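A.B. asks: One file is attached below, target.txt, containing compact mmCIF, C-alpha atoms.
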```txt
# COMPACT_ATOMS: atom_id res chain seq x y z
CA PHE I 2943 22.29 2.22 30.22
CA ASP I 2944 22.79 4.85 27.52
CA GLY I 2945 25.22 6.54 29.90
CA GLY I 2946 26.43 3.29 31.43
CA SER I 2947 27.14 1.62 28.08
CA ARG I 2948 30.24 3.58 27.00
CA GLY I 2949 31.77 2.93 30.42
CA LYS I 2950 33.51 -0.24 31.51
CA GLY I 2951 30.19 -1.48 32.89
CA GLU I 2952 28.91 -3.09 29.71
CA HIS I 2953 27.49 -5.65 32.11
CA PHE I 2954 24.68 -3.66 33.68
CA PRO I 2955 23.28 -4.08 37.22
CA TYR I 2956 19.88 -4.73 35.61
CA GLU I 2957 21.21 -6.90 32.78
CA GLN I 2958 19.08 -9.70 34.21
CA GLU I 2959 16.06 -7.40 33.97
CA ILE I 2960 16.74 -6.44 30.36
CA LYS I 2961 17.36 -10.10 29.49
CA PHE I 2962 14.02 -11.04 31.04
CA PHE I 2963 12.31 -8.22 29.16
CA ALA I 2964 13.75 -9.20 25.78
CA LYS I 2965 13.20 -12.92 26.30
CA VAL I 2966 9.65 -12.86 27.71
CA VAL I 2967 7.83 -9.53 27.58
CA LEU I 2968 8.15 -8.81 23.87
CA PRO I 2969 7.14 -12.30 22.64
CA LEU I 2970 4.10 -12.34 24.93
CA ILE I 2971 3.14 -8.89 23.65
CA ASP I 2972 3.29 -10.46 20.19
CA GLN I 2973 1.29 -13.55 21.09
CA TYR I 2974 -1.47 -12.06 23.25
CA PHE I 2975 -2.32 -9.37 20.71
CA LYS I 2976 -2.08 -11.79 17.80
CA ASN I 2977 -4.56 -14.07 19.56
CA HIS I 2978 -6.99 -11.33 20.60
CA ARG I 2979 -6.39 -8.70 17.93
CA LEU I 2980 -10.10 -8.81 17.11
CA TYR I 2981 -11.07 -8.27 20.75
CA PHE I 2982 -9.28 -4.93 21.04
CA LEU I 2983 -10.40 -3.95 17.54
CA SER I 2984 -14.05 -4.65 18.38
CA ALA I 2985 -15.84 -1.52 19.59
CA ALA I 2986 -19.46 -2.69 19.20
CA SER I 2987 -19.02 -2.15 15.44
CA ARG I 2988 -20.19 -5.82 14.84
CA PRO I 2989 -16.85 -7.69 15.06
CA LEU I 2990 -16.82 -10.03 18.06
CA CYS I 2991 -20.49 -10.98 17.77
CA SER I 2992 -19.91 -13.30 20.74
CA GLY I 2993 -19.74 -10.20 22.93
CA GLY I 2994 -17.44 -8.56 25.43
CA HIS I 2995 -15.52 -5.99 23.42
CA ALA I 2996 -12.49 -4.17 24.79
CA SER I 2997 -13.17 -1.10 26.90
CA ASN I 2998 -12.30 2.39 25.70
CA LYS I 2999 -9.81 2.77 28.56
CA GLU I 3000 -8.17 -0.52 27.58
CA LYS I 3001 -7.98 0.67 23.97
CA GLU I 3002 -6.36 3.97 24.90
CA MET I 3003 -3.79 2.36 27.17
CA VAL I 3004 -3.00 -0.16 24.41
CA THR I 3005 -2.40 2.79 22.10
CA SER I 3006 -0.14 4.38 24.72
CA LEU I 3007 1.83 1.14 25.00
CA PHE I 3008 2.27 1.20 21.22
CA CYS I 3009 3.72 4.72 21.34
CA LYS I 3010 6.04 3.80 24.21
CA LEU I 3011 7.31 0.76 22.32
CA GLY I 3012 8.02 3.06 19.38
CA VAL I 3013 9.92 5.41 21.69
CA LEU I 3014 11.97 2.43 22.89
CA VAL I 3015 12.77 1.28 19.35
CA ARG I 3016 13.70 4.81 18.26
CA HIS I 3017 17.41 4.67 17.29
CA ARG I 3018 18.22 1.65 19.46
CA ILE I 3019 18.23 -1.19 16.91
CA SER I 3020 21.92 -1.81 17.60
CA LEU I 3021 21.53 -1.39 21.36
CA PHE I 3022 18.95 -4.16 21.35
CA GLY I 3023 20.74 -7.47 20.89
CA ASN I 3024 19.48 -8.35 17.40
CA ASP I 3025 15.96 -8.47 18.85
CA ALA I 3026 15.06 -5.22 17.09
CA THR I 3027 13.27 -7.52 14.65
CA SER I 3028 11.12 -8.73 17.55
CA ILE I 3029 10.32 -5.14 18.50
CA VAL I 3030 9.43 -4.45 14.86
CA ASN I 3031 7.00 -7.38 14.97
CA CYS I 3032 5.56 -6.09 18.24
CA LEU I 3033 4.98 -2.64 16.78
CA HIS I 3034 3.54 -4.08 13.56
CA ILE I 3035 0.99 -6.25 15.35
CA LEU I 3036 0.12 -3.54 17.87
CA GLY I 3037 -0.59 -1.19 14.98
CA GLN I 3038 -3.31 -3.55 13.80
CA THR I 3039 -4.55 -3.86 17.37
CA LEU I 3040 -4.94 -0.07 17.66
CA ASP I 3041 -8.36 1.58 17.44
CA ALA I 3042 -8.01 5.26 16.60
CA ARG I 3043 -11.65 6.40 16.44
CA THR I 3044 -12.43 5.37 20.01
CA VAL I 3045 -9.35 7.03 21.46
CA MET I 3046 -9.93 10.19 19.42
CA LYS I 3047 -13.53 10.72 20.45
CA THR I 3048 -12.85 9.57 24.03
CA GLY I 3049 -9.23 9.47 25.15
CA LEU I 3050 -6.66 10.82 27.55
CA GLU I 3051 -4.83 13.93 26.39
CA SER I 3052 -1.43 12.58 27.45
CA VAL I 3053 -1.89 9.50 25.26
CA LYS I 3054 -3.18 11.70 22.44
CA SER I 3055 -0.03 13.82 22.70
CA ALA I 3056 2.20 10.75 22.89
CA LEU I 3057 0.66 9.40 19.68
CA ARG I 3058 0.91 12.79 17.95
CA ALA I 3059 4.55 13.07 19.02
CA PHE I 3060 5.20 9.56 17.72
CA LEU I 3061 3.89 10.53 14.30
CA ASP I 3062 5.90 13.75 14.44
CA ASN I 3063 9.07 11.92 15.50
CA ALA I 3064 8.76 9.57 12.56
CA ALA I 3065 8.39 12.69 10.42
CA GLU I 3066 11.61 14.45 11.44
CA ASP I 3067 13.53 11.18 11.45
CA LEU I 3068 12.51 10.62 7.84
CA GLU I 3069 13.28 14.25 6.96
CA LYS I 3070 16.76 13.89 8.48
CA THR I 3071 17.30 10.74 6.44
CA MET I 3072 16.47 12.72 3.30
CA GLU I 3073 18.70 15.65 4.16
CA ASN I 3074 21.74 13.52 4.95
CA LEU I 3075 21.22 11.15 2.01
CA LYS I 3076 20.99 14.14 -0.35
CA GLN I 3077 23.79 16.30 1.07
CA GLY I 3078 26.28 13.46 1.39
CA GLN I 3079 26.71 9.95 0.05
CA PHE I 3080 29.80 9.63 2.25
CA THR I 3081 29.40 7.18 5.12
CA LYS I 3088 28.40 6.73 12.57
CA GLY I 3089 25.27 8.58 13.66
CA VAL I 3090 23.88 9.17 10.17
CA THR I 3091 24.49 5.55 9.15
CA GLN I 3092 22.82 4.43 12.39
CA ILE I 3093 19.73 6.56 11.80
CA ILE I 3094 19.54 5.47 8.15
CA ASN I 3095 19.67 1.82 9.21
CA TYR I 3096 17.09 2.50 11.93
CA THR I 3097 14.76 4.03 9.36
CA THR I 3098 15.13 1.31 6.73
CA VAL I 3099 14.88 -1.53 9.24
CA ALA I 3100 12.10 -0.44 11.59
CA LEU I 3101 10.62 2.96 10.81
CA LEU I 3102 9.54 2.38 7.21
CA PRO I 3103 7.91 -1.05 7.84
CA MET I 3104 6.09 0.13 10.97
CA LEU I 3105 4.80 3.29 9.29
CA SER I 3106 3.69 1.15 6.35
CA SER I 3107 1.81 -1.25 8.63
CA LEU I 3108 0.17 1.54 10.62
CA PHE I 3109 -0.86 3.43 7.49
CA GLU I 3110 -2.29 0.31 5.85
CA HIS I 3111 -4.23 -0.49 9.04
CA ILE I 3112 -5.64 3.03 9.32
CA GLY I 3113 -6.57 3.12 5.64
CA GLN I 3114 -8.29 -0.25 5.50
CA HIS I 3115 -10.23 0.54 8.66
CA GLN I 3116 -10.88 4.11 7.41
CA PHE I 3117 -9.56 5.72 10.59
CA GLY I 3118 -7.62 8.46 8.81
CA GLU I 3119 -10.39 11.03 8.44
CA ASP I 3120 -10.80 11.22 12.24
CA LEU I 3121 -7.30 10.27 13.40
CA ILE I 3122 -5.36 12.83 11.36
CA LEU I 3123 -6.81 16.34 11.52
CA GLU I 3124 -4.61 18.95 13.23
CA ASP I 3125 -0.83 19.27 12.83
CA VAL I 3126 -0.63 15.54 12.33
CA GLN I 3127 -1.79 16.28 8.82
CA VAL I 3128 1.12 18.74 8.59
CA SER I 3129 3.55 16.11 9.86
CA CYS I 3130 2.24 13.65 7.28
CA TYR I 3131 2.59 16.24 4.51
CA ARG I 3132 6.23 16.35 5.54
CA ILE I 3133 6.19 12.54 5.39
CA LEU I 3134 4.67 12.42 1.90
CA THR I 3135 7.19 14.91 0.55
CA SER I 3136 9.93 12.89 2.23
CA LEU I 3137 8.89 9.52 0.82
CA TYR I 3138 8.24 10.90 -2.65
CA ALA I 3139 11.61 12.64 -2.85
CA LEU I 3140 13.37 9.53 -1.55
CA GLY I 3141 11.57 7.38 -4.10
CA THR I 3142 12.44 9.66 -7.00
CA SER I 3143 16.03 9.98 -5.75
CA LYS I 3144 18.63 8.31 -7.97
CA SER I 3145 20.88 7.32 -5.06
CA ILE I 3146 22.49 3.90 -5.46
CA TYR I 3147 22.08 3.62 -1.70
CA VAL I 3148 18.30 4.03 -1.80
CA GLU I 3149 18.10 1.71 -4.82
CA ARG I 3150 18.76 -1.17 -2.42
CA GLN I 3151 15.85 -0.40 -0.08
CA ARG I 3152 13.73 1.08 -2.88
CA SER I 3153 10.79 -1.33 -2.73
CA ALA I 3154 10.08 -0.90 1.00
CA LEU I 3155 9.62 2.80 0.30
CA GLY I 3156 7.17 1.66 -2.36
CA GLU I 3157 4.96 -0.25 0.05
CA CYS I 3158 5.24 2.40 2.77
CA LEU I 3159 4.28 5.33 0.55
CA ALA I 3160 1.55 3.26 -1.11
CA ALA I 3161 0.02 2.55 2.29
CA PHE I 3162 0.37 6.24 3.12
CA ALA I 3163 -1.46 7.16 -0.09
CA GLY I 3164 -4.22 4.73 0.81
CA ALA I 3165 -4.43 6.15 4.34
CA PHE I 3166 -4.24 9.89 3.69
CA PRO I 3167 -7.74 11.43 3.78
CA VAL I 3168 -7.12 14.56 1.67
CA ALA I 3169 -6.83 14.59 -2.13
CA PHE I 3170 -3.20 15.60 -2.44
CA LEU I 3171 -2.76 14.82 -6.14
CA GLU I 3172 -5.66 17.08 -7.20
CA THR I 3173 -5.42 20.44 -5.44
CA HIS I 3174 -7.61 22.36 -7.91
CA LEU I 3175 -10.80 21.56 -5.97
CA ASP I 3176 -9.55 20.63 -2.50
CA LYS I 3177 -11.79 23.52 -1.44
CA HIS I 3178 -14.62 20.97 -1.52
CA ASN I 3179 -12.81 18.85 1.08
CA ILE I 3180 -14.30 19.47 4.51
CA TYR I 3181 -11.53 17.70 6.42
CA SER I 3182 -8.98 19.83 4.54
CA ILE I 3183 -6.30 21.39 6.74
CA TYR I 3184 -6.80 24.68 4.92
CA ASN I 3185 -10.54 24.74 5.63
CA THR I 3186 -10.31 23.56 9.24
CA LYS I 3187 -7.20 25.45 10.35
CA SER I 3188 -8.27 28.75 8.69
CA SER I 3189 -6.11 31.71 7.60
CA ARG I 3190 -5.11 33.09 11.03
CA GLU I 3191 -3.79 29.76 12.29
CA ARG I 3192 -2.46 28.80 8.86
CA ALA I 3193 -0.26 31.89 8.84
CA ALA I 3194 0.63 31.22 12.48
CA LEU I 3195 1.92 27.76 11.57
CA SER I 3196 4.97 27.33 9.32
CA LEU I 3197 2.87 26.43 6.29
CA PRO I 3198 3.07 27.70 2.68
CA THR I 3199 -0.59 28.93 2.79
CA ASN I 3200 -1.10 27.57 -0.76
CA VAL I 3201 -2.57 24.12 -1.35
CA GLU I 3202 -0.48 23.91 -4.51
CA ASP I 3203 2.65 25.03 -2.66
CA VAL I 3204 2.31 22.68 0.32
CA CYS I 3205 3.76 19.86 -1.82
CA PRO I 3206 5.66 21.32 -4.78
CA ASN I 3207 7.72 18.38 -6.02
CA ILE I 3208 4.79 15.97 -6.33
CA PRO I 3209 3.02 16.39 -9.69
CA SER I 3210 -0.73 16.49 -10.15
CA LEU I 3211 -2.83 13.45 -10.97
CA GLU I 3212 -3.49 14.62 -14.53
CA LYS I 3213 0.20 15.31 -15.12
CA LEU I 3214 1.23 11.93 -13.75
CA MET I 3215 -1.32 10.47 -16.13
CA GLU I 3216 0.46 11.99 -19.14
CA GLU I 3217 3.84 10.80 -17.85
CA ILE I 3218 2.32 7.38 -17.20
CA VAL I 3219 0.93 7.08 -20.72
CA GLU I 3220 4.12 8.38 -22.37
CA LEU I 3221 6.12 5.85 -20.37
CA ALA I 3222 3.61 3.33 -21.67
CA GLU I 3223 4.32 4.11 -25.32
CA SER I 3224 8.04 4.29 -24.50
CA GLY I 3225 8.10 0.77 -23.04
CA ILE I 3226 11.68 1.10 -21.81
CA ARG I 3227 13.62 -1.55 -19.90
CA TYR I 3228 13.32 -1.49 -16.12
CA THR I 3229 16.72 0.06 -15.38
CA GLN I 3230 15.94 3.12 -17.53
CA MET I 3231 13.38 4.63 -15.13
CA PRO I 3232 12.56 2.25 -12.25
CA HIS I 3233 11.35 5.12 -10.09
CA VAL I 3234 7.98 5.65 -11.75
CA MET I 3235 6.92 2.10 -12.50
CA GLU I 3236 7.97 0.72 -9.14
CA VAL I 3237 6.68 3.49 -6.82
CA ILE I 3238 4.41 5.92 -8.68
CA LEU I 3239 2.36 3.19 -10.37
CA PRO I 3240 1.47 1.59 -7.01
CA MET I 3241 1.07 5.19 -5.87
CA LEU I 3242 -1.63 5.96 -8.42
CA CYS I 3243 -3.23 2.54 -8.02
CA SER I 3244 -3.60 3.08 -4.27
CA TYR I 3245 -4.78 6.67 -4.70
CA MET I 3246 -7.51 5.81 -7.20
CA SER I 3247 -8.55 2.79 -5.14
CA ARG I 3248 -8.87 5.15 -2.16
CA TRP I 3249 -10.71 7.99 -3.89
CA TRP I 3250 -12.97 5.98 -6.21
CA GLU I 3251 -15.88 5.87 -3.78
CA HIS I 3252 -15.40 9.61 -3.22
CA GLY I 3253 -15.49 10.12 -6.98
CA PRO I 3254 -18.66 11.81 -8.26
CA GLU I 3255 -19.55 8.81 -10.41
CA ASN I 3256 -19.75 6.71 -7.24
CA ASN I 3257 -22.23 9.16 -5.67
CA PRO I 3258 -24.17 10.70 -8.59
CA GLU I 3259 -26.36 12.66 -6.20
CA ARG I 3260 -24.36 15.58 -4.77
CA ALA I 3261 -22.07 15.27 -7.80
CA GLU I 3262 -19.44 17.90 -8.66
CA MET I 3263 -19.33 18.81 -4.98
CA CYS I 3264 -16.97 15.89 -4.38
CA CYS I 3265 -13.36 16.40 -3.36
CA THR I 3266 -11.89 14.88 -6.52
CA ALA I 3267 -13.13 13.48 -9.82
CA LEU I 3268 -12.69 9.74 -10.41
CA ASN I 3269 -13.73 8.21 -13.72
CA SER I 3270 -14.03 4.63 -14.90
CA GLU I 3271 -12.25 5.81 -18.04
CA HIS I 3272 -9.30 6.86 -15.89
CA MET I 3273 -9.09 3.49 -14.15
CA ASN I 3274 -9.27 1.66 -17.48
CA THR I 3275 -6.56 3.92 -18.90
CA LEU I 3276 -4.34 3.26 -15.89
CA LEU I 3277 -4.81 -0.51 -15.93
CA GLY I 3278 -4.18 -0.44 -19.67
CA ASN I 3279 -0.90 1.27 -18.93
CA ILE I 3280 0.04 -1.45 -16.43
CA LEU I 3281 -0.93 -4.38 -18.64
CA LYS I 3282 0.75 -3.02 -21.75
CA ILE I 3283 4.01 -1.97 -20.07
CA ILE I 3284 3.98 -5.44 -18.55
CA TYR I 3285 3.66 -6.82 -22.08
CA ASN I 3286 6.59 -4.67 -23.23
CA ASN I 3287 8.87 -5.62 -20.34
CA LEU I 3288 7.87 -9.27 -19.83
CA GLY I 3289 10.17 -10.53 -22.57
CA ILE I 3290 12.99 -8.48 -21.09
CA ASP I 3291 14.40 -10.74 -18.34
CA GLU I 3292 11.27 -10.42 -16.15
CA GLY I 3293 11.62 -9.87 -12.40
CA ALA I 3294 9.95 -9.65 -9.03
CA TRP I 3295 8.71 -6.07 -9.29
CA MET I 3296 5.83 -7.37 -11.39
CA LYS I 3297 4.99 -9.92 -8.70
CA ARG I 3298 4.72 -6.89 -6.44
CA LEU I 3299 2.78 -4.80 -8.96
CA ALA I 3300 0.24 -7.59 -9.41
CA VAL I 3301 -0.77 -7.48 -5.76
CA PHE I 3302 -0.69 -3.68 -5.70
CA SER I 3303 -2.99 -3.63 -8.75
CA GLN I 3304 -5.32 -6.34 -7.43
CA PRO I 3305 -7.78 -3.77 -5.95
CA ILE I 3306 -8.27 -1.94 -9.25
CA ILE I 3307 -8.70 -5.20 -11.19
CA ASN I 3308 -11.36 -5.99 -8.60
CA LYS I 3309 -13.21 -2.68 -8.97
CA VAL I 3310 -13.10 -3.02 -12.76
CA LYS I 3311 -16.29 -4.47 -14.38
CA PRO I 3312 -16.36 -7.99 -15.89
CA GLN I 3313 -17.52 -6.87 -19.33
CA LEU I 3314 -14.36 -4.79 -19.08
CA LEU I 3315 -12.53 -7.94 -17.98
CA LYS I 3316 -13.29 -9.55 -21.33
CA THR I 3317 -11.20 -8.19 -24.23
CA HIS I 3318 -8.72 -6.95 -21.60
CA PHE I 3319 -7.51 -9.89 -19.49
CA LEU I 3320 -7.81 -12.25 -22.47
CA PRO I 3321 -4.99 -10.18 -24.03
CA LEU I 3322 -3.26 -10.52 -20.66
CA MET I 3323 -3.85 -14.28 -20.87
CA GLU I 3324 -2.29 -14.54 -24.34
CA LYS I 3325 0.65 -12.37 -23.31
CA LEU I 3326 1.10 -14.84 -20.47
CA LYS I 3327 1.09 -17.79 -22.85
CA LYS I 3328 3.53 -16.17 -25.31
CA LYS I 3329 6.39 -17.20 -23.01
CA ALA I 3330 6.80 -20.98 -22.89
CA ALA I 3331 7.81 -20.92 -19.21
CA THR I 3332 6.78 -17.82 -17.25
CA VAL I 3333 8.14 -17.09 -13.78
CA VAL I 3334 6.10 -13.89 -13.49
CA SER I 3335 2.50 -15.13 -13.56
CA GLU I 3336 0.49 -11.97 -14.18
CA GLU I 3337 -3.11 -12.60 -13.18
```
Could you show the structure in this file as C-alpha cells?
C.D. replies:
Amino acid sequence: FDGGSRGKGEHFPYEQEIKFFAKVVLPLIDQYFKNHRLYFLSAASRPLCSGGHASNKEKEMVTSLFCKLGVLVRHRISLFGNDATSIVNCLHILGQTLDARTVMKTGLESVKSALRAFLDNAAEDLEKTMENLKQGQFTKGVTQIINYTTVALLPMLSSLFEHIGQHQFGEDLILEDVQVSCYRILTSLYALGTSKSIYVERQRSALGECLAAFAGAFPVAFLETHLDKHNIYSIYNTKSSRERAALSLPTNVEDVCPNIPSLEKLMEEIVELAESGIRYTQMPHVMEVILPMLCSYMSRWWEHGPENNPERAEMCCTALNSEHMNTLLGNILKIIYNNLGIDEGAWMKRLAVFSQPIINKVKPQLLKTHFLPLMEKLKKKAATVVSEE
C-alpha cells in the first residue's frame, strides 16, 4: 500500500483486512498483555507464585512481535488512520511485557538481531531529527519524521528504558554495539535538550522523561569517566583495542561523549544556578532536564557507590556520597523556594515525582530540619497550586 497509496487506488483491495487489523488486532494486543503482563514477565524469579510462568520461546516470540510492531509504526503515523496512538499504547505495554534476560541468555539469533536493529533504528532516527532541527528551522519528509519521533519514538523509548532500568535488565541486554547505539542516543537527547530551538521548547518535557529513563537504564557510568576502567561491563573493556579501532568509535572514554559534562562539573553548575535562583525562562534547560538527569543517575548508581558496599570499596565504578545527595536535594528544594513565588508552574509537579526516589533514599534524621523548611516554604503561599512534598 506504500506503492498503491499515491495511485488512484486509495481504496485498497485489502482495505477490509487493514480495517479488521486496526479495529481488532491492536486492541486485543493491548488487553491480553495488560491482563497477563505478569505472566510473561514471570520467569521463575518469584512473580506468579501460583505457577505456570511463560516459556522462554513464548518470551522470545513476544519480543519479536514487539520489534515488528515498532517496524510497522516506523514513519507511518500519518498512514495509520489516527490509530497511531493505539500502536503507541501497544508498544508501550509490550515493552513492559518484554523479558530481556531470558531472551539474551537463551534466544533466537534472528529475534536478537531484530531487537538490536530496532534499537539502532531508533538511534539513527533520533540522530536525523537532531541534524535537521539544527541545520534548518525551515519547515514534508523532515516534518513527518520529526512528528513521528515526538509522537511515538520518544514515549516508546522512554517506556522501554524505564522498564529495563526498574527490572535491571540493562547490564545484560545492552553489551555489544547496542551500547554504541545508545551512546549515540544519549548524545542525541542531551543535545536536543540543551538546544534553544523554539520548536523543541514545545516538546521539551517528553525529552526530559525519555532521557531520564535512559539515564536510569544505562549500565555504564557515563558522567564519571575518570574511573570507568573499574567497570567490567564497559564497552572499552569488553570490546578491547583491536575491535574498538575497528568500530567507528573515538577510542577515548572522555571523547565518546564530548558535549555532556562530568558529574562534578554539573554539580558546580547546579550549585551556581542554585545561588542564582533565576526565573524559569532564563535557563529552563538545566532545571527541567539535567536536574531529573542527575536525580535519576544518582538514584541508579547509589547502590554501586562505595559507601553502599564498604567491602570492596574504591574498586567501584563510580563514587556516590550521601553528602552529594544531600547537596543535590538542597539545590532542588532551595531553587524551588526561589522560584515558587514566581508564578509557579507544572515543571515542579514533574520535578517532585522525579525527585521522589532520592527523597526516599535520604535518611529521616536528614528529613528533619530539611523538609520542615520545605513545609514552611509551602505554607508561605496562602493558596499553593504546586504542592511540593
A.B. asks: Using Å and a single decimal, report how far CA of residue 2957 in chain I sits from CA of residue 2977 in chain I.
C.D. replies: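 Rounded to one decimal, the two atoms are 29.8 Å apart.
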A.B. asks: Go ahead and compute the interatomic distance for CA of residue 3181 in chain I and CA of residue 3125 in chain I, in Å to one decimal.
C.D. replies: 12.6 Å
A.B. asks: Which neighbours of residue 3185 in chain I fall inside 12 Å, counting all atoms listed in the file, when residues of the same chain fewer than 6 positions from it are skipped, and could you give them as a PyMOL selection string?
C.D. replies: chain I and resi 3123-3124+3168+3176-3179+3191-3192+3199-3201
A.B. asks: Set the distance at 9 Å and use all atoms listed in the file: which residues neighbour range 3152-3157 of chain I once local chain neighbours fewer than 2 positions away are removed? I'd like the list as a PDB file with C-alpha atoms, in the frame of the given file.
C.D. replies:
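Produced file selection-v3.pdb, reproduced below:
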```
ATOM      1  CA  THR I3098      15.130   1.310   6.730  1.00  0.00           C
ATOM      2  CA  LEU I3102       9.540   2.380   7.210  1.00  0.00           C
ATOM      3  CA  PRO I3103       7.910  -1.050   7.840  1.00  0.00           C
ATOM      4  CA  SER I3106       3.690   1.150   6.350  1.00  0.00           C
ATOM      5  CA  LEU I3137       8.890   9.520   0.820  1.00  0.00           C
ATOM      6  CA  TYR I3138       8.240  10.900  -2.650  1.00  0.00           C
ATOM      7  CA  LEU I3140      13.370   9.530  -1.550  1.00  0.00           C
ATOM      8  CA  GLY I3141      11.570   7.380  -4.100  1.00  0.00           C
ATOM      9  CA  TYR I3147      22.080   3.620  -1.700  1.00  0.00           C
ATOM     10  CA  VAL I3148      18.300   4.030  -1.800  1.00  0.00           C
ATOM     11  CA  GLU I3149      18.100   1.710  -4.820  1.00  0.00           C
ATOM     12  CA  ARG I3150      18.760  -1.170  -2.420  1.00  0.00           C
ATOM     13  CA  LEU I3159       4.280   5.330   0.550  1.00  0.00           C
ATOM     14  CA  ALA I3160       1.550   3.260  -1.110  1.00  0.00           C
ATOM     15  CA  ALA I3161       0.020   2.550   2.290  1.00  0.00           C
ATOM     16  CA  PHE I3162       0.370   6.240   3.120  1.00  0.00           C
ATOM     17  CA  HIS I3233      11.350   5.120 -10.090  1.00  0.00           C
ATOM     18  CA  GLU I3236       7.970   0.720  -9.140  1.00  0.00           C
ATOM     19  CA  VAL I3237       6.680   3.490  -6.820  1.00  0.00           C
ATOM     20  CA  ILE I3238       4.410   5.920  -8.680  1.00  0.00           C
ATOM     21  CA  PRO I3240       1.470   1.590  -7.010  1.00  0.00           C
ATOM     22  CA  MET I3241       1.070   5.190  -5.870  1.00  0.00           C
ATOM     23  CA  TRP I3295       8.710  -6.070  -9.290  1.00  0.00           C
ATOM     24  CA  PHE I3302      -0.690  -3.680  -5.700  1.00  0.00           C
TER      25      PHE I3302
END
```
A.B. asks: Expressed in Å to a single decimal, how great is the separation between CA of residue 3099 in chain I and CA of residue 3112 in chain I?
C.D. replies: 21.0 Å
A.B. asks: Can you pull out every residue within 10 Å of residue 3120 in chain I, counting all atoms listed in the file, but drop anything in the same chain fewer than 6 positions away, and send it as a list in words?
C.D. replies: residues 3042, 3043, 3044, 3046, 3047, 3167 and 3181 of chain I
A.B. asks: Kindly output range 3025-3038 of chain I as an mmCIF file, in the frame of the given file, after building N, CA, C and O atoms.
C.D. replies:
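Output file selection26.cif follows:
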```
data_model
loop_
_atom_site.group_PDB
_atom_site.id
_atom_site.type_symbol
_atom_site.label_atom_id
_atom_site.label_comp_id
_atom_site.auth_asym_id
_atom_site.auth_seq_id
_atom_site.Cartn_x
_atom_site.Cartn_y
_atom_site.Cartn_z
ATOM 1 N N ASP I 3025 17.388 -8.276 18.628
ATOM 2 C CA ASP I 3025 15.960 -8.470 18.850
ATOM 3 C C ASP I 3025 15.134 -7.303 18.326
ATOM 4 O O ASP I 3025 13.899 -7.317 18.457
ATOM 5 N N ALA I 3026 15.784 -6.318 17.701
ATOM 6 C CA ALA I 3026 15.060 -5.220 17.090
ATOM 7 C C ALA I 3026 14.025 -5.732 16.097
ATOM 8 O O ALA I 3026 12.981 -5.105 15.908
ATOM 9 N N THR I 3027 14.287 -6.882 15.476
ATOM 10 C CA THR I 3027 13.270 -7.520 14.650
ATOM 11 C C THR I 3027 12.040 -7.876 15.481
ATOM 12 O O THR I 3027 10.903 -7.681 15.034
ATOM 13 N N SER I 3028 12.247 -8.398 16.692
ATOM 14 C CA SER I 3028 11.120 -8.730 17.550
ATOM 15 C C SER I 3028 10.336 -7.482 17.928
ATOM 16 O O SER I 3028 9.100 -7.491 17.953
ATOM 17 N N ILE I 3029 11.041 -6.388 18.228
ATOM 18 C CA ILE I 3029 10.320 -5.140 18.500
ATOM 19 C C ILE I 3029 9.571 -4.648 17.270
ATOM 20 O O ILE I 3029 8.468 -4.104 17.396
ATOM 21 N N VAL I 3030 10.140 -4.822 16.077
ATOM 22 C CA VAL I 3030 9.430 -4.450 14.860
ATOM 23 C C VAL I 3030 8.140 -5.249 14.733
ATOM 24 O O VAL I 3030 7.085 -4.707 14.386
ATOM 25 N N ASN I 3031 8.208 -6.551 15.013
ATOM 26 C CA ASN I 3031 7.000 -7.380 14.970
ATOM 27 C C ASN I 3031 5.984 -6.915 16.000
ATOM 28 O O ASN I 3031 4.778 -6.869 15.726
ATOM 29 N N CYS I 3032 6.455 -6.578 17.202
ATOM 30 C CA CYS I 3032 5.560 -6.090 18.240
ATOM 31 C C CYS I 3032 4.835 -4.831 17.787
ATOM 32 O O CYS I 3032 3.610 -4.723 17.905
ATOM 33 N N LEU I 3033 5.585 -3.870 17.253
ATOM 34 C CA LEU I 3033 4.980 -2.640 16.780
ATOM 35 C C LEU I 3033 4.018 -2.897 15.626
ATOM 36 O O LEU I 3033 2.932 -2.309 15.579
ATOM 37 N N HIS I 3034 4.390 -3.784 14.705
ATOM 38 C CA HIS I 3034 3.540 -4.080 13.560
ATOM 39 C C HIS I 3034 2.212 -4.677 13.993
ATOM 40 O O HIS I 3034 1.153 -4.259 13.515
ATOM 41 N N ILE I 3035 2.242 -5.645 14.909
ATOM 42 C CA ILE I 3035 0.990 -6.250 15.350
ATOM 43 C C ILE I 3035 0.181 -5.281 16.200
ATOM 44 O O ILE I 3035 -1.047 -5.199 16.068
ATOM 45 N N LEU I 3036 0.844 -4.501 17.059
ATOM 46 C CA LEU I 3036 0.120 -3.540 17.870
ATOM 47 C C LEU I 3036 -0.567 -2.496 17.008
ATOM 48 O O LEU I 3036 -1.662 -2.033 17.339
ATOM 49 N N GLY I 3037 0.054 -2.125 15.886
ATOM 50 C CA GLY I 3037 -0.590 -1.190 14.980
ATOM 51 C C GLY I 3037 -1.936 -1.682 14.502
ATOM 52 O O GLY I 3037 -2.910 -0.928 14.464
ATOM 53 N N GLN I 3038 -2.017 -2.964 14.145
ATOM 54 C CA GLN I 3038 -3.310 -3.550 13.800
ATOM 55 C C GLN I 3038 -4.238 -3.566 14.999
ATOM 56 O O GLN I 3038 -5.448 -3.356 14.861
#
```
